[PDB]
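Participant:
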Ligand code: FDE
Ligand code: FDE
């Protein structure tokens, strides 16, 4: 019964690393996961990990009493600019639970109602832009979603205006940020991080982190000066942890600000972008959501309440995040010696990787019709098996911004359906850009304005 | 006219505290957007851009060249060959683009172009 | 250590950088080599490099176990629009060995047979253009070689027709490339790249990269509309270690790479040959002789192109004296000593001055400046690593066989069909981008009245 784990082709001292020397590792680890089955060992020079694909094994791994969140090599590299912020801290380090407890109030429903106003502001801007296009013009969707999410998190979280829609070239902050995430990704695969090809990358990497820290330090200045503010940021400053009494040190604040900017803008852009893809490729589904939009959004601008009505829109969004979870994987380590799924013994500290895309393609759980996009799977969510659908991580370390995001996409996705008809004028073949997050690349549409006015 | 004017007010409204306004540029963004909409029902979306429009830059470079020819004591000197080559490159840019304005109509509104 | 290395005149904190404040940097490095000898140190504000000119030292530097291809400051700047292409990639970079193994098939002698036909297509267009000239006119040689070499790489390589011969002011792409290449060279001389005076330059350059990515990235889509060509090998070939084909953006980098390197090296190469032919009329005679004897069909055959032995020798002797890509760079894989005289730290940089190597008197004899193609009658007599016009080792020029075939083919057809006059007594003047071409070179050609 105590069976040895499969391992793909191994090279010399560099182990399995060349297998993942692509610009699309997750898509590659998938095409490897499909080849080796539910679990395989993947060694890199000096590190060892196990990648999981079946719900059967994942149900075992989501026991928080046996496994705790581990920092993947990937996260260890983002920690180079996100430090011990909520995403990249150990759940036992001091600053995790401190910051988790001071900030959690800011994301429950009760707090969401406060954000709803500024969310609509940024969305009206997106719709205003799509209305103001000339006839043969097009929409670059991932780019405009990027404008949207960064403008949305920065305003709700920090009362700071990026004014992305007032720009053609991405906000320079986004250019540096994306290249920093790209660098963390590439450093994973470096067959020799020494030899000179990578010296300018060292230059660029530090130069880009400085870029991010400057505007962060400008957000902190903008507040030391500008107010009745119910913020992520006010809870970060004035907020005190109720157990040891103190507030966050400045350094951890800086890591939290960057953390919040990045995670929201990257996962939420990818989500909406994917959502449009699957909608434009399945038009009756688009039709079905396109009437939920018209039916519920009966005032010129949506109210917080109206967003929770949009049941199918939530269903669409869920089925999209199921197929391509923009945060495709999270990592766990064994709290102590154990046997996983009764077959595989592991010493304490062994690391696990959940390939959320591959879990979400499990036939025993989701059926034989997985890769087809049918939002109707998410209609009795209680019918959905436990630990089968984990796009938002797991346990106490699950995504704190889940509801904020679900609220964000649904509102934005809802208004898009209300005000426009969308044409896949290019017959776009799906191209997934991979930083550490996922999102469609070069995705373009044409949008016919339904000519409904705004407020 | 009001439409373009609200965009300016909204842009200045949406600026952060430490920022300022570059006045000629935003007036230029305004004036061009207003004539393009009132006159020819074409939307430049200057307020959605950071680097100026290809058309506006050609127009600005062409005007500067017209001015620059006033002090040229002999316009045939080879020193001005690149200045000549760009002049025509910008005339094409404007002349091509204007016909883009013409395409939107024959391919219907009380406007300057209709007359 | 034994030997302190020479170094030319230094300008305080600006080091010897002003020494190449010519429009002719390479020629200046030659003038320095001619006086300081087989090796000299050349210092710039942020970098230091050593220039080698004797076959003695070059044989050591071409040891692939001690030295690898380095990106000189020059190639580092081309990396801004040629990115990760073969020419501007590091060996240990992930896309080099990847792209290198998929593309070697497209340039093997076997691949040439397929390129031969489209090679001819563009070659007749050139011949027809010359046949249709009126008598009072002349031929602007570099311009027509640029038209040809670009149309040939674009047609034979990617099945895209630039149609340069149907236009007089050059293609926007080619004008953009040359201006982008000129900017790379222009930077070398800026000890203050942040200074605002370079804003229009930085602007135009950024606009020029957009021009290249525009056409090229459209071509990759325009084919997904498959034949047996270079682009198909890129779209369809698979790497055996990850099993993946080449990146979409990497292909954009290769196409840009191939277009430039071919059109810039081969056009310069042909032009230089023609200069030497009109300046050495007896060599011109014997070359047209073989041309007349071998080129017996209305169209050349692949076999016949190989059967030109003297035309190839003129080509080899041309690239010897003025190698159109004049230099390559190396770095020390580990600490080592060069020529037993000059110790090198790990990472120290070397520059090979191919023109100066190709003038090493101890190797070629004392008539090194004379155009004597018979030096190539016995190519095995030439010492290993004395004649490196295509670089060295695994980083050697991937297209040298494609190039030789094109130059041999075209040069053959020219010799069959025209007689050439140096009607202006043209003095050789070398334009330097990073590559070398002659400037203002003009001839008149009287047709031998022969059909195609
Ligand atoms: C703001 C925001 C937004 C968002 C969104 C999202 C989407 C769309 C998707 C997602 C996801 C996720 N997340 Fe997310 N998100 C966020 C966030 C976050 C944070 C902070 C975190 C960490 C948490 C803790 O616990 O600390 C996360 C988290 C998360 C996760 C897990 C990680 C680990 O490593 O474990 C996942 C998988 N997220 N997400
Ligand atoms: C297509 C084509 C054509 C051509 C031609 C030519 C002529 C006539 C001359 C020449 C050259 C040369 N090349 Fe050349 N060519 C080409 C290409 C190329 C490439 C891709 C390369 C890179 C490869 C490697 O190395 O990786 C080269 C490469 C080359 C070289 C080396 C570079 C360095 O830096 O090392 C040299 C020297 N080429 N070349």
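Chains as they are written, first to last, in PDB author numbering: chain F, 1 to 226, 228 to 456; chain G, 119 to 225, 229 to 236; chain A, 1 to 225, 229 to 455. Quick reminder that beta carbons are idealized off the backbone N, C-alpha and C, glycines included.
Hey, quick one: how far does the beta strand (DSSP E) through residue 371 (chain A) stretch, first residue to last?
Facilitator: Sequence index remark: in the third chain, residue 371 (chain A) carries index 368 (1-based). Unbroken run through residue 371 (chain A): none, as it is neither H nor E.
Participant: Output, in sequence order along the chain, the residues in the segment 21-47 of chain F whose CB is closer than 8 Å to any CB in chain A.
Facilitator: For the segment 21-47 of chain F, which is checked against every Cβ of chain A, the residues closer than 8 Å are 21, 22, 23, 28.
Participant: Would you give the residue range spanned by the alpha helix (DSSP H) that residue 324 (chain A) belongs to?
Facilitator: Here residue 324 (chain A) corresponds to residue number 321 of the third chain, with the count starting at 1. Segment 313-324, the alpha helix (DSSP H) holding residue 324 (chain A).
Participant: Quick check on DSSP: helix, strand or coil for residue 429 (chain A)?
Facilitator: As a first step, residue 429 (chain A) must be located in the third chain, where it is residue number 426. Note: residue 429 (chain A) maps to coil in three-state DSSP.
Participant: Which parts of the segment 250-329 of chain A are runs of the alpha helix (DSSP H), unbroken and 4 residues or longer, counting only runs that do not cross its ends?
Facilitator: With a minimum length of 4 residues, the continuous alpha helix (DSSP H) runs that stay inside the segment 250-329 of chain A are 251-282, 284-297, 305-309, 313-324.
Participant: Tell whether a beta-carbon distance below 9 Å holds between residue 293 (chain F) and residue 415 (chain F).
Facilitator: Working through the first chain from its first residue, we reach residue 293 (chain F) at position 292. Working through the first chain from its first residue, we reach residue 415 (chain F) at position 414. Cβ atoms of residue 293 (chain F) and residue 415 (chain F): closer than 9 Å.
Participant: What distance in whole Å lies between the Cβ atoms of residue 234 (chain F) and residue 158 (chain F), which are believed to be in contact at a cut-off of 8 Å?
Facilitator: For the purposes of this step, residue 158 (chain F) is taken as the residue at position 158 of the first chain. For the purposes of this step, residue 234 (chain F) is taken as the residue at position 233 of the first chain. With a Cβ gap of about 5 Å, residue 158 (chain F) and residue 234 (chain F) count as contacting.
Participant: Of all the residues that make up the segment 253-273 of chain A, which are near chain F by a beta-carbon distance shorter than 7 Å?
Facilitator: Here the close residues number zero.
Participant: Under 8 Å Cβ-Cβ, which residues of chain F neighbour residue 129 (chain G)?
Facilitator: Against the second chain, residue 129 (chain G) aligns to sequence position 11. Correct list: 163, 166.
Participant: How is residue 195 (chain A) classed by DSSP in three states: helix, strand or coil?
Facilitator: Here residue 195 (chain A) is taken as the residue at index 195 of the third chain, counted from 1. Of the three classes helix, strand and coil, the one that applies to residue 195 (chain A) here is coil, per DSSP.
Participant: So, for residue 362 (chain F): in the same chain, excluding its five sequence neighbours on each side, which residues have a beta-carbon less than 6 Å away from its beta-carbon?
Facilitator: By 1-based counting over the first chain, the position of residue 362 (chain F) is 361. Counting only Cβ-Cβ distances below 6 Å, and skipping sequence neighbours, we find 371.
Participant: Nearest-angstrom Cα distance between residue 190 (chain G) and residue 123 (chain A)?
Facilitator: Numbered from its first residue, the second chain carries residue 190 (chain G) at position 72. Numbered from its first residue, the third chain carries residue 123 (chain A) at position 123. Cα to Cα, the separation comes out at about 45 Å.
Participant: In chain G, which residues lie with their C-beta within 7 Å of the C-beta of residue 226 (chain F)?
Facilitator: Locating residue 226 (chain F) in the first chain gives position 226, counting from the first residue. Per Cβ cutoff of 7 Å: 135.
Participant: Name, going along the chain, the residues of the segment 310-337 of chain F whose beta-carbon falls closer than 8 Å to a beta-carbon of chain G.
Facilitator: So the list is empty, because no residue satisfies the distance condition.
Participant: Given a threshold of 16 other Cβ atoms within 10 Å of its Cβ, counted over all protein chains shown, does residue 325 (chain A) qualify as buried or as exposed?
Facilitator: Position 322 of the third chain, counting from 1, holds the residue named residue 325 (chain A). Counting Cβ neighbours within 10 Å, residue 325 (chain A) comes out buried, since at least 16 surround it.
Participant: For residue 205 (chain F), which residues in the same chain have their Cβ closer than 6 Å to its Cβ, ignoring the five residues on either side in sequence?
Facilitator: On the first chain, residue 205 (chain F) is found 205 positions in, with the first residue counted as 1. Excluding residues within five positions, the ones whose Cβ falls inside 6 Å are 183.
Participant: Name the DSSP beta bridge partners of residue 331 (chain A), please?
Facilitator: Sequence index remark: in the third chain, residue 331 (chain A) carries index 328 (1-based). Beta-bridge pairing links residue 331 (chain A) to A:355.
Participant: So, is residue 25 (chain A) buried or exposed, given that buried needs 16 or more other C-beta atoms within 10 angstroms?
Facilitator: Position 25 of the third chain, counted from the first residue, corresponds to residue 25 (chain A). Buried, since its Cβ has 16 or more Cβ neighbours within 10 Å.
Participant: DSSP has residue 346 (chain F) in a bridge; who is on the other side?
Facilitator: What you label residue 346 (chain F) is simply residue 345 of the first chain in a count that begins at 1. F:340.
Participant: Can you name the start and end residues of the beta strand (DSSP E) that residue 450 (chain A) belongs to?
Facilitator: As a position in the third chain, residue 450 (chain A) is number 447, starting the count at 1. From DSSP, the beta strand (DSSP E) with residue 450 (chain A) extends over 445-450.
Participant: Count the other C-beta atoms from every protein chain shown that fall within 10 angstroms of the C-beta of residue 5 (chain A), then say buried if there are 16 or more, exposed otherwise.
Facilitator: For this step, residue 5 (chain A) is matched to residue 5 along the third chain. With fewer than 16 Cβ atoms within 10 Å of its Cβ, residue 5 (chain A) is classed as exposed.
Participant: Mind checking whether residue 261 (chain A) and residue 402 (chain A) have CB atoms under 9 Å apart?
Facilitator: Walking along the third chain from the start, residue 261 (chain A) turns up at place 258. Walking along the third chain from the start, residue 402 (chain A) turns up at place 399. Yes.
Participant: Any chance you could list the alpha helix (DSSP H) runs of at least 4 consecutive residues sitting entirely within the segment 90-163 of chain F, in chain order?
Facilitator: The segment 90-163 of chain F contains these whole alpha helix (DSSP H) runs: 94-103, 109-131, 141-158.
Participant: Grouping DSSP H, G and I as helix and E and B as strand, with all else coil, what is residue 398 (chain A)?
Facilitator: Mapped onto the third chain, residue 398 (chain A) falls at position 395. Three-state result, residue 398 (chain A): helix.
Participant: Taking Cβ-Cβ distances shorter than 9 Å, what residues in chain F pair up with residue 189 (chain G)?
Facilitator: Residue numbering aside, residue 189 (chain G) sits at position 71 when the second chain is read from its first letter. Neighbours of residue 189 (chain G) on chain F: none; closest Cβ ~35 Å, over 9 Å.
Participant: Check each candidate in F:43, F:396, F:23 and name the one with the smallest Cα separation from residue 10 (chain F).
Facilitator: Here residue 10 (chain F) refers to the residue found at position 10 when the first chain is read from its first residue. Closest by alpha carbon: F:43.
Participant: Is it the case that the segment 449-456 of chain F contacts the segment 199-215 of chain F, given that we only count it when at least three CB pairs across the two stretches are under 8 Å?
Facilitator: Because the criterion of three Cβ pairs below 8 Å is not met, the segment 199-215 of chain F and the segment 449-456 of chain F do not touch.
Participant: Between residue 49 (chain A) and residue 397 (chain F), what straight-line distance do the alpha-carbon atoms span, to the nearest angstrom?
Facilitator: Here the question's residue 49 (chain A) lines up with position 49 in the third chain. Here the question's residue 397 (chain F) lines up with position 396 in the first chain. When rounded, the distance between both Cα atoms is 57 Å.
Participant: How big is the Cα-Cα spacing for residue 369 (chain A) and residue 31 (chain A)?
Facilitator: Position 366 of the third chain, counting from 1, holds the residue named residue 369 (chain A). Position 31 of the third chain, counting from 1, holds the residue named residue 31 (chain A). Distance between the alpha carbons of residue 369 (chain A) and residue 31 (chain A): 18 Å.
Participant: With a floor of 4 residues, list each alpha helix (DSSP H) that falls wholly inside the segment 55-88 of chain F, ordered by position along the chain.
Facilitator: Runs found: 55-61, 73-82.
Participant: Nearest-angstrom Cα distance between residue 194 (chain A) and residue 136 (chain G)?
Facilitator: Along the third chain, one-based indexing puts residue 194 (chain A) at 194. Along the second chain, one-based indexing puts residue 136 (chain G) at 18. Between residue 194 (chain A) and residue 136 (chain G), the C-alpha separation is close to 25 Å.
Participant: Could you pull the start and end residues of the alpha helix (DSSP H) that residue 172 (chain F) belongs to?
Facilitator: As a first step, residue 172 (chain F) is located in the first chain; it is residue number 172 there, counting from the start. 172-189 is the extent of the alpha helix (DSSP H) around residue 172 (chain F).
Participant: Which residues in chain F sit within 7 Å of residue 160 (chain G), going by Cβ to Cβ distance?
Facilitator: Taking the first residue of the second chain as 1, we reach residue 160 (chain G) at position 42. 134, listed in chain order.
Participant: Among A:316, A:161, A:54, A:17, which residue has its Cα nearest to the Cα of residue 381 (chain A)?
Facilitator: Within the third chain, numbered from 1, the residue matching residue 381 (chain A) stands at position 378. Nearest option by C-alpha distance: A:316.
Participant: My output table needs one value for residue 233 (chain G): the three-state DSSP class, helix, strand or coil.
Facilitator: Along the second chain, read from residue 1 onward, the residue named residue 233 (chain G) stands at position 112. If DSSP states are grouped into helix, strand and coil, residue 233 (chain G) belongs with coil.
Participant: Whose Cβ in chain G lies nearer than 8 Å to the Cβ of residue 452 (chain F)?
Facilitator: In the first chain, the residue the question calls residue 452 (chain F) occupies position 451. Simply none; closest approach about 14 Å.
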